[PDB]
There are 4 protein chains.
Amino acid sequence: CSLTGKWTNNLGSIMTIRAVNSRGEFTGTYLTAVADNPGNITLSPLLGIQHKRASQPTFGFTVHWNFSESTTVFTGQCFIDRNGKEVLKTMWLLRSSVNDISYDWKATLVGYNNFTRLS
Amino acid sequence: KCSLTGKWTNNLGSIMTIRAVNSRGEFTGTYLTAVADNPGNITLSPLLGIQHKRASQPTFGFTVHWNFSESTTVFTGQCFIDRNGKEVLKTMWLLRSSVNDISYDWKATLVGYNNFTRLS
Amino acid sequence: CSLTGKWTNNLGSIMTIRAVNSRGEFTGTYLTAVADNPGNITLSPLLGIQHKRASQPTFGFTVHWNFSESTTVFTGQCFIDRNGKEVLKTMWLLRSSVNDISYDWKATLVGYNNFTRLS
Amino acid sequence: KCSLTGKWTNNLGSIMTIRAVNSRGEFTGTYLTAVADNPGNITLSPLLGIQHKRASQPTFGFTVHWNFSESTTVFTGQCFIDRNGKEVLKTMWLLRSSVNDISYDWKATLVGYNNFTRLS
Ligand SMILES: O=C(CCCC[C@@H]1SC[C@@H]2NC(=O)N[C@@H]21)Nc1ccc([N+](=O)[O-])cc1
Ligand SMILES: O=C(CCCC[C@@H]1SC[C@@H]2NC(=O)N[C@@H]21)Nc1ccc([N+](=O)[O-])cc1
Ligand SMILES: O=C(CCCC[C@@H]1SC[C@@H]2NC(=O)N[C@@H]21)Nc1ccc([N+](=O)[O-])cc1
Ligand SMILES: O=C(CCCC[C@@H]1SC[C@@H]2NC(=O)N[C@@H]21)Nc1ccc([N+](=O)[O-])cc1
């Protein structure tokens with residue numbers, strides 16, 4: 001269950017993840033299929049850490065959107081079924097930029113995503 | 001302006017130390033949690049994240065790989081600067097526990113908040 | 001998109017909801033397919049409110065688990081597709097009972113559920 | 001023991017009033033939020049929920065049907081009593097916005113926290 005490779009989720013987004021180093025750290029690139037303003041979407045870098053020893057590791061990563069002031073974090077676990085098929089089960093928080101601390105209450109969206117490997 | 005570099009404490013008493021933020025907004029550091037499911041096992045743990053660079057009050061996210069647990073936490077939030085120049089990180093977090101198989105996935109994710117201010 | 005009726009979700013849970021009154025309030029009964037201790041599962045009452053005027057209303061409800069000290073809240077929206085098929089898209093928070101306020105940080109689980117009508 | 005009956009204020013300044021808790025733990029009341037997406041539209045709004053009855057520090061949940069918005073909020077939490085008998089509600093919430101169709105569902109749910117103490 002190395003996060004290295006190419007993935008798609010239930011919203012149609014795709015991400016590519018590079019080699020996971022000995023500390024479990026990885027970089028990659030995220031293409032979201034959806035956005036507040038979808039006409040603005042550009043490829044956005046991600047940076048995260050997975051656990052290394054576990055066969056079905058937990059992990060987290062941050063996506064710095066390159067077309068928005070927002071940021072998303074994803075966390076989840078990679079599972080392997082009896083046929084060797086991998087799924088990333090994740091939850092996410094999406095932080096929007098607000099003007100000052102008095103607007104903080106409305107700044108964080110939550111959701112889920114299930115990822116599978118592209119071919 | 002708001003750079004996450006430096007030492008911070010939160011409302012639970014945890015301490016984190018963030019190193020240099022690079023020109024992409026990437027940063028690393030360490031996180032010493034005050035609380036855990038098994039606090040007798042707590043050890044200093046690494047974090048890795050990204051903040052926005054241009055904004056004076058940037059949003060950001062980071063991941064903490066706990067070195068004593070199979071779990072992982074992610075934090076996201078915004079750094080605010082008030083009229084006196086005091087900085088606060090307002091964050092929300094998700095903590096993913098390791099479960100045995102996908103049938104237990106539903107119970108694997110905790111949610112919460114944390115407010116951080118600077119040590120010094 | 002009246003919540004009245006019989007529903008199942010992606011985890012295999014089922015719920016039955018009674019008549020929605022003029023204020024949008026409803027009661028019902030929830031049978032979860034999963035629990036921390038599944039051998040203890042019993043039917044549990046729910047109580048909530050939906051919006052009335054909207055064709056695709058938002059709503060919320062609370063489930064008082066009758067076999068646990070925990071409580072779950074669900075919120076979401078009822079959608080109708082081109083064929084007239086309804087789906088409840090929901091997110092939930094599950095509050096566990098902890099001993100004192102110093103344990104509060106670990107007391108709230110989050111997740112999703114998609115519900116469809118039973119037949 | 002902890003009955004949600006009475007008036008409470010939260011960290012955002014909102015006020016809610018909970019009526020009698022029945023023998024099932026069900027309660028109704030009203031919620032006056034201090035903040036909204038469009039605060040010029042705020043009106044007093046009804047809530048309905050259930051708490052546990054036997055526990056001295058019960059968990060609970062409630063739904064607020066905003067009377068001025070198509071959105072709905074749910075809150076869940078626990079009532080704690082400290083060594084001096086002071087009560088605090090520690091809660092987390094989800095706020096569901098109304099979106100036009102299912103393709104926008106992903107952006108429809110906000111999350112947050114609130115801490116409540118008694119008015120009086
Ligand atoms: O649009 C944005 C930036 C792109 C976010 C894509 C999200 S990441 C969670 C989910 N999973 C995906 O694969 N893609 C979506 N930011 C944003 C979105 C909504 C709002 N809003 O106010 O609703 C503000 C900023
Ligand atoms: O205990 C752990 C690892 C350490 C988590 C510390 C959390 S990070 C969010 C919050 N903010 C802090 O500063 N500290 C806390 N993992 C864990 C926790 C609970 C459960 N559980 O099942 O409840 C399983 C694993
Ligand atoms: O087990 C319980 C009570 C039953 C909860 C069922 C949940 S409601 C969200 C989800 N959707 C469903 O249809 N069913 C599940 N409470 C509980 C669960 C886990 C923990 N825990 O610590 O992990 C503590 C209490
Ligand atoms: O504004 C609204 C309706 C009022 C919500 C008040 C929230 S309930 C959680 C928090 N605790 C409080 O005491 N008050 C706040 N709905 C709404 C809000 C934001 C958005 N949005 O898109 O950001 C859409 C609808």
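Heavy atoms only: backbone and side chains are in, while hydrogens, waters and symmetry mates are out. A note on names: the letters A, B, ... follow the listed sequences, proteins ahead of strands, and every chain is numbered from 1.
- Neither the backbone nor the side chain of C/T90 comes within contact range of chain D; no heavy atom of the residue lies under 4.5 Å from a heavy atom of that chain.
- Looking at heavy atoms from C-beta onward, C/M91 lies out of side-chain contact with D/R96 at the 4.5 angstrom threshold.
- Considering CZ of D/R24 and OG1 of C/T27, their distance stands at 11.5 Å, rounded to 0.5 Å.
- Heavy atoms of D/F80 lying under 4.5 Å from chain C belong exclusively to its side chain.
- Using a 4.5 Å cut-off on side-chain heavy atoms (C-beta onward), D/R54 and C/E69 make contact.
- For C/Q56 (side chain) and D/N100 (main-chain N/O), a donor-acceptor pair under 3.5 Å exists by modelled atom type.
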Decide yes or no on side chain to side chain contact (heavy atoms under 4.5 Å, CB included) for C/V87 and D/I102, but give the supporting numbers first. CA-CA 9 Å; C/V87 57; D/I102 199 167; 3.8 Å; yes
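- Taking chain C as the reference chain and counting heavy-atom pairs below 4.5 Å, the highest number among D/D101, D/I81, D/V64 is found for D/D101.
- Here the closest non-hydrogen pair linking D/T59 and C/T71 is CG2-OG1, 2.8 Å.
- Counting non-hydrogen atoms of other residues, nucleotides and ligands closer than 6.0 Å to NZ of C/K52 gives a total above 12.
- Shortest non-hydrogen contact noted between D/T63 and C/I49 is O-CD1, 3.8 Å.
- Proximity to chain C is limited to the backbone of D/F75, based on heavy atoms less than 4.5 angstrom apart.
- Other residues, nucleotides and ligands contribute at most 12 non-hydrogen atoms within 6.0 Å of the OH atom of D/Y104.
- Looking at D/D82, there are no atoms closer than 4.5 Å to chain C (heavy atoms on both sides), in backbone or side chain.
- Around the CZ atom of D/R19, the shell of radius 6.0 Å holds more than 12 heavy atoms that belong to other residues, nucleotides or ligands.
- The candidate from C/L46, C/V110, C/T75 with the greatest count of non-hydrogen atom pairs under 4.5 Å with chain D is C/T75.
- Shortest non-hydrogen contact noted between D/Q51 and C/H64 is O-ND1, 3.7 Å.
- Of the atoms belonging to D/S98, heavy atoms from both backbone and side chain fall under 4.5 Å from chain C.
- For a residue to count as touching a neighbouring chain, one of its non-hydrogen atoms must lie under 4.5 Å from one of that chain's; by this rule D/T73 does not touch chain C.
- Atom CG of C/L47 is separated from atom CD of D/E26 by 5.0 Å, given to the nearest 0.5 angstrom.
- Comparing D/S97, D/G49, D/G77, D/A55 by how many heavy-atom pairs each has under 4.5 Å with chain C, the most go to D/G77.
- When the shell of 6.0 Å around CZ of C/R117 is examined, it contains more than 12 heavy atoms from other residues, nucleotides or ligands.
- Only the backbone of D/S69 comes within contact range of chain C, with at least one heavy atom under 4.5 Å from a heavy atom of that chain.
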